[PDB]
Structure formats: structure tokens, C-alpha cells
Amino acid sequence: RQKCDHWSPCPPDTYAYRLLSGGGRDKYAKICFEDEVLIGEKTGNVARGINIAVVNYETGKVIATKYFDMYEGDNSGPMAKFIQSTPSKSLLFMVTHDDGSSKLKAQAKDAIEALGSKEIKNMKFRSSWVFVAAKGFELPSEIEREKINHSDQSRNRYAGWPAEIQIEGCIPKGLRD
């Protein structure tokens, strides 16, 4: 019904977003922006690791979508360079699927922490994580921009994985007016 199937309607001059981490291996991570799925099963571009959607804040257009596997390969470096290359006045949306920490290295953690992440250095194996960043401007303090959920045997929604987490909000379009 509502933009990105939001619980409450967004205020007028705002960009709607909904970020969903993966829930175990069968429930996929999803990035929704302005009622359009940027990353997800639907668009066939979601995978294990850290999934990043980059949007031009000024035009509201998707500029890039890329995933980086943190269980295999050496994708931490290519992820840090992808994040660092992002142009100013960009929105960055980051979600975990399955695992985003095994091979997660310092350079990548520093590039994400530079964007305002308080949880990227607390990432544990299979912790579910969702994050909204702005490059070249500040997001309002009121919007939910980050969440982390660690694997815990008593709380785990799946055998071996924590429950998926979500953040939904409305970003005002005039932060650079």
C-alpha cells in the first residue's frame, strides 16, 4: 500500500527507503528505494556478503548496485575502493545476506566507519546488519539509519542464524537546498 510497504505514510518532500537483511539462507536481503527494489531476489542481484546500492541524492537515480562476498575471496579491498569512489551527494544503502564478517578487513571497516557506521566494527559471524549513509551531506538524527543483530543460540530465528532486521524511513529531499 504505502511506498516501500511502510507502516506509516512518509511526510511530503521525502525519499522512502526500506532495508532488509537476509534471514538465514532462504530469506533474502532487500533494498527498497522510492517503492523500487534496488537489490533483492526480484531483481536477481542479491548474494551472500555485503550488498550495496548507491543513489544520486540530487537526481534520485540508482547509480550502482554491487555485492561483496565476505565468506570467500578477498572482496574487502574491492568493497573499500567501491565505497571510496562513490561521488559526493550520494546515498549508500548496505545490507548483509547470510554473513558479512568472515573476511571483513580493516580498510573496508574504516571506509564504512568514515560514513557514520557505529556497528561495522562489532560485526560477528552471521550478524545481520543494515545501514544508510550519506556522502557529502548529513542525514537527520531522527531517521533510523543503522541496526545490528548478533547470532545467539537462545534468540536465533533459524538454526545457526539470527533473525533478519529492517530499517525504514523518509529522507528529506532538500538537505542541500
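Residue positions are given as counts along the sequence shown, with the first one as 1.
In this entry, 33-41 has the higher mean Cα B-factor, the comparison being between 33-41 and 122-130. For the two regions 157-165 and 10-18, the entry's Cα B-factors average higher over 10-18.
The PDB entry assigns the greatest CA B-factor among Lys27, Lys61, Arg48, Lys66 to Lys61. The residue among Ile52, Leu139, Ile112, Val55 whose C-alpha atom has the highest B-factor in the PDB entry is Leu139. Placement of the Cα temperature factor of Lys89 within the chain: highest third of the modelled residues, per the deposited record.
The PDB entry assigns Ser76 a C-alpha temperature factor belonging to the middle third of its chain's modelled residues. Ranked by C-alpha B-factor against the other modelled residues of its chain, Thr96 falls in the lowest third.
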